[PDB]
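Per the authors' numbering, the very first residue in the sequence shown carries number 10; after that it's consecutive. Scroll down for the structure; my scribbles are underneath it.
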Amino acid sequence: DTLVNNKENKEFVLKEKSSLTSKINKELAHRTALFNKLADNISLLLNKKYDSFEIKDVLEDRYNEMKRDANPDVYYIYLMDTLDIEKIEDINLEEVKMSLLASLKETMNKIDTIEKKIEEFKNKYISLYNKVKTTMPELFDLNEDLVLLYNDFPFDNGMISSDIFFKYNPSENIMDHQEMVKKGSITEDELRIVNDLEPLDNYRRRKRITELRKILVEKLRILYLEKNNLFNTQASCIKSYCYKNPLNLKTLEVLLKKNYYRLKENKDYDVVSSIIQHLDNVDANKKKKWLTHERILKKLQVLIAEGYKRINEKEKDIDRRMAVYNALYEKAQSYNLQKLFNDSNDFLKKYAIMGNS
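What follows is the structure in structure tokens.
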């Protein structure tokens, strides 16, 4: 079935979109309330060793990491280990374990019912979208839609996971500024491969230059790719572990890139405040209260610092490969082989401006 741009049909779709959105949001609130109520329980079980927010944050992140699996077994040993419950010298361990397992069972059973309600609303929302995606595409924004993007999550992202600050403690400080702006450099030994062209005749020079050019361009293609992918992963992690509300990841990616280069140019630039401001301004009502505990700030600080560190490592690797490439090109020019690099110079331009326009 399909609906034309006729006004009868368009007002139906906007009304139905709004209603399903409001129904899904009420279910999400009910889910959050159940996680909060459980976390309040567990805080008291642990004699307030961790506060309720910290426990809720772990539970919710683990729930998303586990594809919203409602099996209590996915949470029980994970919380025992993550919160080091057995090592708490303050409590009667065995009654705590019993209450915890029972509380996980009752709560996860209720969240299961809620998540299955959300799934049914999601099915109707997608079927509504499929009726208008060709005839009135503008009624839906695929870069941010809460429901169309509901299952996306940065699994296996390498930067953050639900047990952060419990089981490992990454730095919240961005890398040393002098290190971050210093260009990657190569040694004389790394240029041996280029200077080794000098004893060769013209035919083997051209062969070897062609072979090395191909190898360097392939390496650089991968590096630019990976650098862009890191910004994308950083943005997805900020959305899913910190903000926990719908947003346009493309917009956030652009800002993370801008801020990286801003920091290189100005060591006093405040990247964290810039990202906080952005996330505060996403919701038109400014009704999204998301930075409500220091743990959220710390996760954000880690993600900014770990992503930028990785991105900087790639940039220095790009500098080093380009240094060999430029040395090879300069040699080729001296052998009247400048034209061997016209096409690769073009590729490298194309790879370099992906994601930067």
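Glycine residues also receive a C-beta, built at the ideal position from the N, C-alpha and C atoms.
- Membership of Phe174 in any alpha helix (DSSP H) is not indicated, and neither H nor E is assigned to it by DSSP.
- Its chain contains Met117, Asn118, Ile120, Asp121 and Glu124 as the residues whose beta carbon lies nearer than 8 Å to that of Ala79, once the 5 sequence neighbours on both sides are disregarded; these appear in chain order.
- In the displayed model, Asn34 falls within a helix according to three-state DSSP.
- Around the beta carbon of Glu103, fewer than 16 other beta carbons lie within 10 angstroms, which makes this residue exposed.
- In the three-state scheme derived from DSSP, where H, G and I count as helix and E and B as strand, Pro163 is classed as coil.
- Going by C-alpha positions, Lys65 is about 6 Å away from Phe44.
- Excluding five sequence positions before and after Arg217, the CB atoms of its chain that fall closer than 7 Å to its own CB belong to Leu206 and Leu209, given in chain order.
- The three-state reading of DSSP puts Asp198 in helix, counting H, G and I together.
- Taking 8 Å as the cut-off, the Cβ atoms of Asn237 and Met363 count as close.
- Assignment of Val203 by DSSP, reduced to helix, strand and coil, places it in the helix class.
- Here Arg222 is buried, its C-beta having at least 16 other C-beta atoms within 10 Å.
- Here the alpha carbon of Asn34 sits roughly 19 Å from the alpha carbon of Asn152.
- Counting of Cβ neighbours within 10 angstroms places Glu220 among the exposed residues, the total staying below 16.
- DSSP places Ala293 in the coil class of the three-state scheme, outside both helix and strand.
- Under the DSSP assignment, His186 falls in the alpha helix (DSSP H) whose first and last residues are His186 to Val190.
- Counting only unbroken stretches of 3 or more residues, no beta strand (DSSP E) element lies wholly within the region 62-90.
- The residues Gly193, in chain order, have a CB closer than 7 Å to that of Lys325 in the same chain once the five nearest residues on each side in sequence are set aside.
- Counted as a single uninterrupted DSSP element, the alpha helix (DSSP H) harbouring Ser245 occupies residues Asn211 to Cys246.
- Membership of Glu98 in any alpha helix (DSSP H) is not indicated, and neither H nor E is assigned to it by DSSP.
- In the structure shown, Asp121 falls within a helical segment according to DSSP collapsed to helix, strand and coil.
- Across the structure, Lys140 and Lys114 are spaced so that their CA atoms are roughly 40 Å apart.
- Distance from the CA atom of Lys348 to the CA atom of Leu239, rounded to whole angstroms, is 34 Å.
- Nearest Cα to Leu92 within the set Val67, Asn101 and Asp99: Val67.
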